[PDB]
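Student: So I've got this experimental structure, pasted below with the sequence.
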Amino acid sequence: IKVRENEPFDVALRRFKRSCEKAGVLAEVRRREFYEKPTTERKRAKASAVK
Amino acid sequence: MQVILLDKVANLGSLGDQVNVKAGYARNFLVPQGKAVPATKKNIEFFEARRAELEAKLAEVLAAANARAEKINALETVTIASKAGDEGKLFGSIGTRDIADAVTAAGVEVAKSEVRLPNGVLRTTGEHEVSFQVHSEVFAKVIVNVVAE
Amino acid sequence: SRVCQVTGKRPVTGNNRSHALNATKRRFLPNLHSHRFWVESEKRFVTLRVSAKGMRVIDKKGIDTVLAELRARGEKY
Amino acid sequence: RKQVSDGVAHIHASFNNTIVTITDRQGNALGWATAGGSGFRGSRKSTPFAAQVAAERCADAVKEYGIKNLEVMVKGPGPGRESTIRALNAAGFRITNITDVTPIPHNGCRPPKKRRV
Amino acid sequence: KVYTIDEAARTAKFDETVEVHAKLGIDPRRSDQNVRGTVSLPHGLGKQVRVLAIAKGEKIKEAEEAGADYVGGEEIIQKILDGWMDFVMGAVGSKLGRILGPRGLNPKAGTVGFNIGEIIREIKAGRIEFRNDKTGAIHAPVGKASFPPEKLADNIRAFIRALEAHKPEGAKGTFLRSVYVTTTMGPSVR
RNA sequence: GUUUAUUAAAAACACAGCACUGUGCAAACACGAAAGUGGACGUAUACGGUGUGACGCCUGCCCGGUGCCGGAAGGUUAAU
RNA sequence: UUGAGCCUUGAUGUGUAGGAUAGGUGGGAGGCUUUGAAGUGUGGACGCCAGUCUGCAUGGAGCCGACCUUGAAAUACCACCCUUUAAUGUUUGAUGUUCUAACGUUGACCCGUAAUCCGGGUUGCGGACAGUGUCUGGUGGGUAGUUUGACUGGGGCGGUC
Ligand SMILES: [Mg+2]
Ligand SMILES: [Mg+2]
Ligand SMILES: [Mg+2]
Ligand SMILES: [Mg+2]
Ligand SMILES: [Mg+2]
Ligand SMILES: [Mg+2]
């Protein structure tokens, strides 16, 4: 979220953004509410993540 | 109206001028708290008698609170009978009611608090000097000579 | 009643002439106003129901003379 | 008029467009530029390139207080989110610290429904 | 000043480069911008011209000495017609027009004369004195004025050059005289 | 309940209920050239005006016209 | 000190044959800058981000004109300045800020007074506002006064004058 990155380097170096926000919770909340269907959605994040 | 003022009065007045003021200001503020008055003509010459008198007359009378000192340098020497210790150093000493009382008591009539002997005021014999006061700007010098008799 | 204690101005009647010259009876009231006046010669406030013209008369003659008229005709103030 | 040197480049990157605002530390708006403000409309503006040329335009506008080193605050998804800070680096800028400020409700307001497309 | 401080030119080299650039009204209705015939200006000034008139094969031995330096010929009506870098002025009148020798297609040169008895008449001075000044863009009067050789002596124009105040438009205020060039700038009033 | 006292008692008026809309109180409003007074010894859960008329189920589309409400840049525009 | 009158101290312009972003005509065949320049480099900045400018500066010693085209020729110099803006004014109101002392108080108190009137006084709150007079535009069936034709195979409609 925050990067001090002092002296030598003009490369951004903010890969921290691909560690939380962005399409993280932001693609999430962007649209269709959901409500109970995430239940089903996450029941594939595990029916998969079993193996 | 015109109205002629009394006291100094801020961003317009003077002390006895003939300004011109909005009537709302004249009634309601100025004249009631007598800081001015209707220029009823009757008045504007009530003021012309007051344009000759005190000014033209009593400033050549302060030309007498001034020419008192035309008789401050035309003598320019009073002596005080005050002696001397162990070498011509005053056995006496003379101040303001000594240099105003030993000034008055002749043809040189001054008001006792009109004699500035800055201190020396005073501590030895012989000739000295002093600052004689009659007007605010015109004083005058003399010479004083404490005579050891 | 709408009367200027200085000048005696009171309502008068006249006409409202329309564009077509139709007359309708009307009035003209005077610019009356109750106004406190500092009488120096009395260490007191005398308030007079006066017309604006009234005031100007008081400004010129001077409240002393003016009241001195009301007084001289028992117009009590 | 006036002068700064130590500043902040705020960016509002959002699918449809990205907007660059450059203000001092005490965020009092020193200059701005939008993807639409420059050209491109429709797809066009909702692109990293279009956001570059706005990041650019914004310089020739705040350089008018000779800014030297400035932080960057990045809000929203969408292009121009990073491509903007590149056009900023180059523009002629010591670019101090970078932060992301996209808001995250702790699940509050129900967001819009649909997009049966 | 009341008139003008004609001592308003105390460095170029010869400050005669001055002009008559006064002010006139507007066109709220119908008025125009014109000049008479060679406005001479009550002042010898000191101008020798090369006045170009369109006489014929007789007016070359006396229609050329009267404040000028030549006159277009008869063979040179269109035998001076073969170039743009090769070629006051004139155009005689009565019943004679000259669009066959000044017409279509960017210069002004109208006043020369019209005589049925002479080429240099017994009393005909006034031509080679001062220029013209028709319509421009935001007013009129452009031309020339006094010189570095005068004093308040070129202010003979001041009472008979600013006095050229002919009927002003309508909704206007025509009145303001000015000149100068090659040192500073200015004018007084009207 | 009311009403055409004396040719009409009614489906007309009122009505509880509803809706609009005005009103910060020296209220709006109303009787008064005015002072004064009702509104009210009340104060927006109050007071006025207008419509509709228990209740049940309900009360859609139109703001071009006419009224009203808001607007401020232009235009036009009084005495002066 | 904000919106208008207007006046000194200054800007400014991609119609073709082209060294190249020609305002219309006018003085015009040499002014000047060492009272210290052309443009490199950033400062305010008008913005059709096509380019222009200078208080300042790194700078440090010439550029050009009828030249051959174009219905119109010099960024060689000067101005009366239009396409439209921008920086003090002058006063004048003007929107504005306070003040209090006119004026309002249907706050509190005091006295005339064993009085919810009124008058005077003291205070608090307002305040040159509000309100009223005169003039003035608008609105104004609330009120008022009237008008709203005649011929006609009755009158009206139609028609006619
Ligand atoms: Mg009956
Ligand atoms: Mg019956
Ligand atoms: Mg009600
Ligand atoms: Mg009904
Ligand atoms: Mg009627
Ligand atoms: Mg009939």
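Tutor: It's in. Numbering: from 1, shown residues only, chains lettered A, B, ... in the order given. Ligands and ions are numbered 1, 2, ... in the order given.
Student: quick one: the helices in chain B?
Tutor: B:23-25, B:42-46, B:53-57, B:96-99, B:101-104 (DSSP state H).
Student: Please convert those to TSV, extending it with distance to chain D and mean neighbour count.
Tutor: (Each C-beta comes from the backbone N, C-alpha and C, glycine too.) Shown next, in TSV, are the helices of chain B (distance: least, CB to the nearest CB, whole Å; neighbours: other CB atoms under 10 Å in any protein chain shown):
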stretch	distance to chain D	mean neighbour count
helix B:23-25	44	11
helix B:42-46	58	12
helix B:53-57	58	9
helix B:96-99	67	19
helix B:101-104	73	18
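Student: Mind putting those into a markdown table with distance to chain C?
Tutor: As requested, those are exported to a markdown table (distance: least, CB to the nearest CB, whole Å):
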| stretch | distance to chain C |
| --- | --- |
| helix B:23-25 | 6 |
| helix B:42-46 | 10 |
| helix B:53-57 | 24 |
| helix B:96-99 | 48 |
| helix B:101-104 | 47 |
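Student: quick one: which of these is nearest residue E:100?
Tutor: With CB to CB, the closest approach to residue E:100 among the helices of chain B belongs to helix B:23-25: 82.9 Å.
Student: Is RNA strand G within reach of the closest one?
Tutor: Yes. Counting by CB under 7 Å from any atom of the strand, RNA strand G is contacted by helix B:23-25 at B:24, B:25.
Student: Also stretch E:162-175?
Tutor: No. Using CB under 7 Å from any atom of the strand, stretch E:162-175 stays clear of RNA strand G, with a minimum separation of 7.9 Å.
Student: Mind listing what's buried along that stretch?
Tutor: Going by neighbour count (16 or more other CB atoms under 10 Å in any protein chain shown), the buried part of stretch E:162-175 is E:162, E:169, E:174.
Student: Repeat that for stretch E:147-155.
Tutor: Judged by neighbour count using 16+ other CB under 10 Å, the buried positions of stretch E:147-155 are E:147, E:150, E:154, E:155.
Student: Check the gap between the residue nearest the centre of chain A and chain B for me.
Tutor: Of all residues in chain A, the one closest to the mean position by CA atoms, centre = their mean is residue A:24, 2.2 Å from it. Applying CB to the nearest CB, to the nearest Å, the value for residue A:24 to chain B is 71 Å.
Student: which phi and psi does that residue have?
Tutor: phi -60, psi -110 (degrees, to the nearest 10).
Student: for residue D:50, same thing?
Tutor: Torsion angles, degrees, to the nearest 10, at residue D:50: phi -60, psi -30.
Student: ok so, going back, residue E:190: which of the buried residues of stretch E:162-175 is nearest?
Tutor: Closest approach between the buried residues of stretch E:162-175 and residue E:190, by CB to CB: residue E:162, at 6.6 Å.
Student: rewinding a little: what sits against the residue nearest to the centre of chain A?
Tutor: Going by CB atoms under 8 Å, 6 or more residues apart in numbering or on different chains, residue A:24 touches no other residue.
Student: And the helices in chain C?
Tutor: For chain C, applying DSSP H gives helices covering C:52-61, C:63-72.
Student: Which of those sits closest to RNA strand G?
Tutor: Minimum separation from RNA strand G across the helices of chain C (CB to the nearest atom of the strand) falls at helix C:52-61, 7.3 Å.
Student: Check the offset of that closest one from the chain's centre.
Tutor: 9 Å (CA atoms, centre = their mean, to the nearest Å).
Student: Likewise for stretch D:56-72?
Tutor: A distance of 12 Å separates the centroid of the chain from that of stretch D:56-72, by CA atoms, centre = their mean.
Student: Report whether it contacts chain A.
Tutor: No. On the criterion CB under 8 Å from any CB of the partner chain, stretch D:56-72 is out of touch with chain A, staying 9.4 Å away.
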